[PDB]
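Report on the following structure.
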């Protein structure tokens, strides 16, 4: 019970890593909110997790949806103790092929979504008068640029920047802001991603995903379970002195 | 004449640092384009600099304006050898006071403008078949976040990221992409900026501009003349092996 009697809002937690954190958080005695743009999947996951989880519709790109979300949880819980900006989108393409739609969309969700979601919750925490914890999800992509991932990389670099700015600015109110930077995490999305690289680099279908996983010092592609420990640690008082940091949990993929 | 017989498009060069680069490039024997959103000012500076400089209206936030600018210059010069993305906006405010309006502009001009402007000129350079030089303008603000400069810092962090992604992707076509990161450059704009900080941190009017200047290791605030040397160098062949780098020219304000 490392998170006993605490409330956590996790964005884009209907599936993937977001769901993992939710399950882990609940296991530690915390009440979580499965926020997602599709209320169907949200309710499904929330019901699958138990009485400790509840669903709620959220479009991080829409201010109205953001203010509704926060106000509703405030009445159901009385206070939001932890916020995990997990909602994000991925895409890839060389410089000369980047489209305005790719740019517009990734920045709207990855950057804009994280920022205003932070602002909404931070304003509540300040009012609450008892601080809180905010964890952003960066990525190794945000540490260094890549030839075919310009747009995605740039959004993650921005997240790291915002974590530092928010961190220094909000710590005075007792709010810790830090981020976690995963490396290469397995998931179904790798089917198409691999196809993309295979086509962009003249590589056999499936070679890319193989190369990537073998290049990880640890010796394998990431897993959600590799991240939950840190997700929990940063939310405990044993981390009260950790401010505006981005911790890499990537099996050695990148060293910071 | 280190840039003899070359052409350079410099965005937002009607005034400030952008104008200093243009005057310097013209001194090294190059033909330049004073691109600005205000053609009145653009023409004025072009006439002031001489027969080597021409004016042209450009709004880096509008694809149409971007394509027209490149096409026109291609007819006038035949090729664009150098592109300096200098156009940018500055703004500051605590997290809880950041407006969508502030976010929208800065990202539109500082990030979006740099990316698509890069793509347009890169396309031309690749078609040209003889490569080229691209120089982005970063900032110390892109190296680490600040409490009251969240938006601006995030945009510059994204620039550094885009400079790396483009650098790695375009070097294969003979195009060098790098960035310059100035520290605190003196300006009139500092009049209002100082007022802002003075009001935000309970400081005497003018104390902020003083403190910042005194904190620079070198012993004084930046000047446009401090940056021209690096601007020229990165466009010469002595920098052909320099790829995807961001060089700080800040008198020691930040170390990389």
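For all residues, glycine too, the Cβ spot is worked out from N, Cα and C.
Summarising the annotation, Swiss-Prot assigns NAD(+) binding site to B:15-17, B:36, B:59-60, B:86, B:152, B:156, B:182-187 and lists similarity to another entry as the type of evidence. Per Swiss-Prot, active site, proton acceptor is recorded for B:152, and the stated evidence type is sequence analysis.
Here the features listed in Swiss-Prot are placed on the structure.
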{"residue": "B:15", "record": "NAD(+) binding site", "Cβ contacts under 8 Å, 6 or more apart": "B:41, B:45"}
{"residue": "B:17", "record": "NAD(+) binding site", "Cβ contacts under 8 Å, 6 or more apart": "B:86, B:137, B:182, B:185, B:224, B:227"}
{"residue": "B:59", "record": "NAD(+) binding site", "Cβ contacts under 8 Å, 6 or more apart": "B:37, B:65"}
{"residue": "B:152", "record": "active site, proton acceptor", "Cβ contacts under 8 Å, 6 or more apart": "B:90, B:91, B:92, B:106, B:110, B:139, B:141"}
{"residue": "B:156", "record": "NAD(+) binding site", "Cβ contacts under 8 Å, 6 or more apart": "B:110, B:138, B:139, B:141, B:142, B:181"}
{"residue": "B:183", "record": "NAD(+) binding site", "Cβ contacts under 8 Å, 6 or more apart": "B:140, B:216, B:222, B:248, B:249, B:250, B:251, B:252, B:253, B:254"}
{"residue": "B:187", "record": "NAD(+) binding site", "Cβ contacts under 8 Å, 6 or more apart": "B:16"}
*Find, for the listed binding-site residues B:86, B:185, the residue with the lowest Cβ contact count at a 10 Å cut-off, counting only other Cβ atoms.*
B:185
